[PDB]
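**Student:** when you get a sec, could you give me coordinates for this:
(10 chains)
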Amino acid sequence: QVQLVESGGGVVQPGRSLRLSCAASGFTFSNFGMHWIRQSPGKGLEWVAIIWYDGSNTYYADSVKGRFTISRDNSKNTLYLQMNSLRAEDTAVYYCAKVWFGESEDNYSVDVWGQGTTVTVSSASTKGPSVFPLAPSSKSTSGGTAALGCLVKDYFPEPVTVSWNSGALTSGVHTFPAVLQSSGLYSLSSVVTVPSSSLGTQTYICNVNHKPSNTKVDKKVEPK
Amino acid sequence: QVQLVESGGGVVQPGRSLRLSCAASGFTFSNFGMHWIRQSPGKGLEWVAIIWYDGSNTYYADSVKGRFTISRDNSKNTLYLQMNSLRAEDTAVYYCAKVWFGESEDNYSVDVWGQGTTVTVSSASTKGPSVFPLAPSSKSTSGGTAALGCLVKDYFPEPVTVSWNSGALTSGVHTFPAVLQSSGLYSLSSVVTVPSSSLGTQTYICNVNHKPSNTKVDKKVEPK
Amino acid sequence: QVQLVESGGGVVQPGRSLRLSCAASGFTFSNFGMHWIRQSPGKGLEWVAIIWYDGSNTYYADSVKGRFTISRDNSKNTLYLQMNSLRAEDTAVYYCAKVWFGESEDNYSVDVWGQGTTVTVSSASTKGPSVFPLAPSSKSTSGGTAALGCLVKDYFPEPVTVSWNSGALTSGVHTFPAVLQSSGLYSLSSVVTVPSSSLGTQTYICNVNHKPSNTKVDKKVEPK
Amino acid sequence: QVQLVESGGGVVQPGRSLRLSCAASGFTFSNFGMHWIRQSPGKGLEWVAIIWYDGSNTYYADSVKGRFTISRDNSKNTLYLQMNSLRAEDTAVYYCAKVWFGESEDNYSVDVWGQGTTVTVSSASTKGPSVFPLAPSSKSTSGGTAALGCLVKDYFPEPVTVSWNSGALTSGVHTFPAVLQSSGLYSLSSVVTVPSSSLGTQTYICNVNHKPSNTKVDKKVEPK
Amino acid sequence: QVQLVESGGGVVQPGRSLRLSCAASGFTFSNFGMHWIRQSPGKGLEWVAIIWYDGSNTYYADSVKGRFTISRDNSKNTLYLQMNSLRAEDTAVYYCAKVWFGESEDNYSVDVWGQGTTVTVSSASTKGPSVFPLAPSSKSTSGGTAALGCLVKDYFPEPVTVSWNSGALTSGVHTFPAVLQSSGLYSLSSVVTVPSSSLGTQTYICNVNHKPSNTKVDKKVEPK
Amino acid sequence: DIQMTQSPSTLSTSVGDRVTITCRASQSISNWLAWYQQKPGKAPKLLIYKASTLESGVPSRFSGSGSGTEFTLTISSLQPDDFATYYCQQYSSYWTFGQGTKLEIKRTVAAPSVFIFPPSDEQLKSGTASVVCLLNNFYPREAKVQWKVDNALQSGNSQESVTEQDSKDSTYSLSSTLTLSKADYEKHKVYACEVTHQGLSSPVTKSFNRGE
Amino acid sequence: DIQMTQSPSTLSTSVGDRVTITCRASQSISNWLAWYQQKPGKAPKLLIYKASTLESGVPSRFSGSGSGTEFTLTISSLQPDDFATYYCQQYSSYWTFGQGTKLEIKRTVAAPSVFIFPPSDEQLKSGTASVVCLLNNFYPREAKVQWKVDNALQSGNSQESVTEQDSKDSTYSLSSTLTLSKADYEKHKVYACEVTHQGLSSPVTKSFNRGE
Amino acid sequence: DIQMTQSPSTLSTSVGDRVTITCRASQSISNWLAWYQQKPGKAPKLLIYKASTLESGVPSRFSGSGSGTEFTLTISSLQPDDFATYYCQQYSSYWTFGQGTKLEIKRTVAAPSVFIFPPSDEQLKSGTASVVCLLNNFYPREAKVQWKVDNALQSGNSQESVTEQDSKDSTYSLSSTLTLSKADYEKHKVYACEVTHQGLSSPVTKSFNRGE
Amino acid sequence: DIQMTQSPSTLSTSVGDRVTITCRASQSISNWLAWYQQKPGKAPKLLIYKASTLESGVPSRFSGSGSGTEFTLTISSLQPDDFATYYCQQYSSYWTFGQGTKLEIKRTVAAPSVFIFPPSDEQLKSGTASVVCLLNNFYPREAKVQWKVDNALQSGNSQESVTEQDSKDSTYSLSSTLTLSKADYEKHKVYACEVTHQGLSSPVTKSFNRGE
Amino acid sequence: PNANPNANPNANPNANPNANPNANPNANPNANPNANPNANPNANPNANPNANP
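**Tutor:** Numbers count the residues shown, from 1 in each chain, chains lettered A, B, ... in the order given. Here you go:
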């Protein structure tokens, strides 16, 4: 069927430029107009640009007019979005989308969305995480259940993976979504509930992995 | 004048492929777009595909999208239609057609149709017919007129020719169009009204001919 | 500058063929498409054919399609028009013309026209004219001015030259354009106004010359 | 890598002819089209001519059409430009340039430029320069720094070289670009800043050299 | 029919030169252009060079331009490729290939490939292999089936042949493809599954042969 | 997908009559509608485009009208060459044709002649039994044939075939074929075909007994 | 430089199957695309040119389709002679080949036989230690082999080798060779290879002790 | 003839700045626009084609954008090697270049040092009189020099020449030459050049008397 | 291999007529087409090359036209010497000829004279029986001859031969030879040849009895 | 009087598929001026088989 694959996203310092591409297949790309639409946690879904099938007419949202340039290569079946002078608020997931087929006098929107590519505009430098133990004790015990975890603080960029005992422990694991701090570094927590009767004898190690920095940390969590 | 000649049609098992061609003459073939349009008794007229004069844009009906490929060879003045993964419902007569000349902003359709080529998608094997006599008697006599005939059953594929007394008897002959049965074999009847006073003395033989299987059967019809 | 020279025109019987040529100079002939356009008193200017720079696409007017063939020889810088099955209405002056240089998406026409060559389609045979005097008298005198002339009737083909007194008399001479008669022969008149007081003393002779038939006639016009 | 070397430029009187050549190496010369492009201070960059790889098609700018002839010798890997009927405005630096390799349906321009050769169209006769002293005094002193120089006036053609004290004085030297005067003769100035405490005691001589006329002048500049 | 025979391949040190030849028969060699195409496990199929029938035009891939030279001897019906400044990544199987016959304006590729000749660019010195037994025991036994083998390690260059019991044992033999090590020496393994009830009584010997160094080693594999 | 619908499906008319056929679209197609004529066993020919423009070479007795969703084709005076099937085609969004209207030759009513044929002994030996009911030279075409086997109506085991209008007398002929296995055929006694037609005051029934 | 890409990289199929492989170009190459077949240890052979023209001598069960940037090769009914590697090639601008698609013989699932071999004493005397893990007669080809030295995973010190599909039963064999210095080998005790495969409900682990 | 126009004509910038220059065509040229860089006294080098495709070997800090009639060239972070003149070129219909934009090294304002030189006795003996006014080490380049002879402004008898930016301190030097006949020169007394510059609160005037 | 096709294969024409024959190629051959004339029992002669260039010595009444895949040869005014066979030939890629067009002398219709000859007793003694049916002085060339032996049509045992147009009256003659073994011949009685021709309202039949 | 930004941005299937007879017949000056690597490299069978002379 119709398939759209975005590429080109990544981390870019503010003020630099970045060019996103969208490869289309499964349909005659040159016969359809296309949209770029972005989604961010702060503003939700936000339309960015539209281009005609032949590129003759282009339109842009007011917040991006004069900075973004949408183009297309019908010989390569590729849609492009050149983004210049990026600001912090442009961090979002960008989707390309295909206009549906309709009647000649109707208004038009999109029916098939691409997979999406993440763009993160930040002045933070690549940095491995700090792993701190969340040690269980009597003050974090209610009955026969205790909670322990690992705090993964001050890392950039996204994402990081957390496993327990090389993946052998998955029941009761809650890895929270990362939060952006004032320093531009991300931070999250991973917690697990265990039987209190197993504390002191069963070994629990959290395995934090951060591919952008090739960081691998195995932190042992012991009770207090 | 304008002339279009289709070729390449025939019997094909479901799931196999077949390539139809359309030779054009009498006009500048490379200057016009072309259509392929099919006609079947079950669905009537049904548009299949369109190709631009230079082949840059092609369009297909939804029922054939992804299976058929239309192309053209302007150096040979030939239009092609490669049909893959044929289903039973694709059995039809296929016409190539020429787009008319019009204004730059008008919508376009076809003005000249080709001769047409028959495509039959069936899993039946080539088989000669069984010719059985429909013998006249008192129950098929009203006054001085009687009716007799031949039933041509279980043959494949179309068509078959029926003559009476080597063509000497044509007045009052009615050969019905063939009907396709549940078994995938065709069947038809041919009847003729004769003077009752000729029964018992004049010999009536129906001559069934089936070129695809080289079947020739002369069946004698005797009265009761 | 740009120069186009037509050749090949003449008198041709209906049903015969004729080949026109157009020699081009002053520009790169192989880089431009060309037109043939004809002009007749009955139809005015009338486009005939167009050819692409490489000859790949040719177009013809509806009234000539199937009878005329346009071609070109880029190695010789020559444009050709083979005319078959000529009809009477094809008699006209034929010009070759050069397409102007423009933008890639514009429509195109011609900017430089050739000199023109005359084509006369008629079944009339070559025949010299009959010269009859238009004799002045009292009925062709008003005051001191009288009118006399020569009638040049039933000649073919065009043209004919008329002089008066071997060219010594040119003031006041009016040679009318020839008219084609129902018999397919042309006819015209040449008149001159002279002082009535000079009649009987000044000798007036009209000299008709017709190179196609080598006709030379000196007709003396005497008063009545 | 790719290398282009122009030759043949020089001084030519208006109305005369001149032949430029361009030697190519580092690539298969016969497989690429070539451009000649010129640059002048009055018009900037200005395309002159283009030739196909086999020489079959040539194009020229309107200002040179009919006077310049571009050709090539693929056996010698040499590009030629014969310039006839030269005008004053043809004085410029001429570069040969190589067309880049691209797709079959793209438009084309040049990617590698040659070194360039200077062509000066002038009716001026060969003439050595006049060297005049720019004498320092109290009116050309600000603090401990004074300025002196040499005015090199009325020479033809370019170029001339200026040094001070046989090259021993280079700090603070400003040799101005030559300017063309109404008389067709060039003129320029060379200035140098020196310690005011050295005036009257340190000897400063400017050495003007003009190879076309074998002129060597050592002019001492003394205060007044 | 068409036959192509490559020759000239072998072991060459990096930085040295080598000349490959391709003998053609079964067709008029002088009437066709030729290609050289190479295949390596890391890059797959890779076009190298093309030469015209008369040698007037040659083309090379970007990765080999300036180092390889393609030529031909139509009097000997021989195609040549002189390769200078060989690098390690040039190790591949090289095929010569014949261009197919087509139309004058078509694009062209190859229809008949040669047999291929292997080129190995390595700084390793010729060295015989070390043959070590992979002895079966209780730790390599599951039921009545055991596995044993021979490891042929640290040899150069390719190839080596391995047989068992002078070829008398072929059922159940698996000789793995050789691998190139960081030291430039090759290594491979050969394994066989045998009935456990035959251990200690049936004799199994692996025979490694290396014709370039005339190495023959018969290693007996005994259980532990 | 724009649906097209033509009315009427069949029109009985005579030479010299004024004929009007209609064509309707499921949505507005502006004026982008074409009319095509097709004669049996022959390729279709273009008659009208833009709903009202006459194709070059088409006689003036054809005219088109209509806009939006309703269109009509009018023949002022029918001629024998005009007896054919007429299809409309929208070309506003892709291309879809109507079901087609066949212009039929109107004549006086003629009741069918009914004949029945039993299965031959050779076909019975072959393992099949075909019973044939024939309606000869009738008009108009609408008729109903019901098979009754021991007074039991059959359904789903018969097939009908109808001829085109005869060129000489404009009549129809229809054949109905009842196909049964030898066991089904020999498991019953009475086999009848009953025919009703607007030219028949009462239904006509022909019947036989197996073996009779 | 036009990039070519073929999908899928490997296709498991059986005799009589309908096979379709796809090939895409980084830019438009019009119809100038050829398909070449290559059997192992043999030179490539031309099958199709101009994307849809069958080479002389090629059986009709091969067909090509596609234009612009997407092309497909279709085998209507697979035959045992068609098990080979198929390459597409653009020849619109110079010549670049795709990575190639290998048609694999589809068969039933067969679990691997796992054997482990320790380094020989002679190689240890030579200064090197090779440990061999063998997977015999398995299908499909996808499997994972992890080396563990005293329960520590190794990386960058092993090499894998795979045989082609066996002619008799269409199975694979795999060898994994872990290479270590004599000092590294004698500085540890337990040596294991762990194997995972989709036909195995649980991972299989073979191990030995140095000196045992 | 397609006219090309570049803005700005001159742009003063510093190392590390983001530079954007624009180029407009008199008519639509689609995307057929190339950008060329030229260093003084050296041949131009190709930077960008198809308006946004980076030439091989060109550092990534260069980028192109634009389509139709408006195009831009952007340097994300200026480096000292990038101080050169940039020309755009349409190649949609023949080939025409823009006037060029020169990227200038921005620095602080520095007022000019003014020097005047009278005609030499040798040139006066030759029949001509050239008076030279020199402006040394000033920035920016824009300045006005007016010649006044006995308080009368001169026009059309002077020529100016400007040096390029000094490699060491990025300053300019300017020479103005006033040329007069010996009779005009000896028919007056006071000779002054008046200079205005953005670093000068008031115009500076240097003058001498003939013979003094 | 470029296929060539000429139409019509035979054209009946008269002196003074305007003749046009056509020739088509399976693919584009540009203008590389030649026309050759061949008279029966004589070598072919070159008429036209490059599709429109007249060979030296060829009268001006011959002309060529056409380009790409369609070409025509025109004779403005036919002359009696021009009754011959005309072949077109592409020479764009190797050389292939058309089937040829034979110009036939058109004349009035003349019915054939039919004669039959039985096998001689000497040939019957030799073991073979040839029966000969003769059609004399007929036009046009199309005719049908059917052998009937005791009213049974024969097939595959006869051969026909046709003469060229007679120089004096432009008529044809045709011989049909039925060949049979002596045993096959003596196993029947009546031997007839039936002849049909467009100038005959009814077939003409000649017959004899074996032994008569 | 402005353009409807939400209008049909696709390509009308029922557009003009023929050739434009009034389109550019001239030769494009800035077209491909180089040689084609994948041109015909084989000798021509129907080339000149005689002397120059």
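
**Student:** three-state assignment of residue A:30?
**Tutor:** The three-state assignment at residue A:30 reads helix, by DSSP: H, G, I helix; E, B strand; the rest coil.

**Student:** and it, how close does it get to residue B:58?
**Tutor:** Look at residue A:30 and residue B:58: by C-beta to C-beta, to the nearest Å, they are 11 Å apart. No exception for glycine: its C-beta is placed from N, CA and C like everyone else's.

**Student:** by proximity to chain D, which residue of chain F wins?
**Tutor:** Chain F approaches chain D most closely through residue F:94 (29.3 Å), counting by C-beta to the nearest C-beta.

**Student:** the closest residue to chain E within chain J: how many residues sit nearby?
**Tutor:** Nearest residue of chain J to chain E: residue J:41, at 2.8 Å (C-beta to the nearest C-beta). By the measure other C-beta atoms under 10 Å in any protein chain shown, the count of residues near residue J:41 is 21.

**Student:** was I right to think residue J:11 contacts residue A:54?
**Tutor:** Yes: Residue J:11 is in contact with residue A:54 according to C-beta atoms under 8 Å; the separation is 7.4 Å.

**Student:** ramachandran coordinates for residue A:89?
**Tutor:** With angles defined as degrees, to the nearest 10, residue A:89 sits at phi -70, psi -10.

**Student:** that one: what's it in contact with?
**Tutor:** Residues near residue A:89 by C-beta atoms under 8 Å, 6 or more residues apart in numbering or on different chains: A:40, A:42-43, A:121.

**Student:** kindly recompute the last result at 10 Å.
**Tutor:** Contacts for residue A:89 (C-beta atoms under 10 Å, 6 or more residues apart in numbering or on different chains) come out as A:40, A:42-43, A:63, A:121.

**Student:** cool, residue F:181 as well?
**Tutor:** Going by C-beta under 10 Å, 6+ apart, residue F:181 touches F:127-129, F:157, F:187.

**Student:** buried members of those into PyMOL, please.
**Tutor:** This is the PyMOL syntax for the buried subset of the contacts of residue F:181, where burial follows 16 or more other C-beta atoms under 10 Å in any protein chain shown:
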select buried, chain F and resi 128+129
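
**Student:** what residues does chain J have near chain H?
**Tutor:** Within reach of chain H by C-beta under 10 Å from any C-beta of the partner chain, chain J has these residues: J:28-30.

**Student:** the residue lying closest to residue F:151 once chain neighbours are set aside: neighbour count?
**Tutor:** Here the nearest residue to residue F:151 in space, its sequence neighbours aside, is residue F:190; by C-beta to C-beta, 6 or more residues apart in numbering or on different chains that works out to 6.9 Å. Neighbour count of residue F:190, defined by other C-beta under 10 Å: 14.

**Student:** check which helix or strand covers the spatially most central residue of chain A.
**Tutor:** Geometric centre of chain A, nearest residue: residue A:118, 5.0 Å, by C-alpha atoms, centre = their mean. Assigned by DSSP states H and E, residue A:118 falls within strand A:117-121.

**Student:** quick one: strands adjacent to that strand?
**Tutor:** Strand A:117-121 sits in its sheet next to strand A:11-12 (parallel), strand A:92-99 (antiparallel), going by DSSP bridges.

**Student:** mind telling me what element the closest residue to chain E within chain A is part of?
**Tutor:** Nearest residue of chain A to chain E, counting by C-beta to the nearest C-beta: residue A:75, 17.1 Å away. Element membership for residue A:75 (DSSP H and E) is empty, with no helix or strand holding it.
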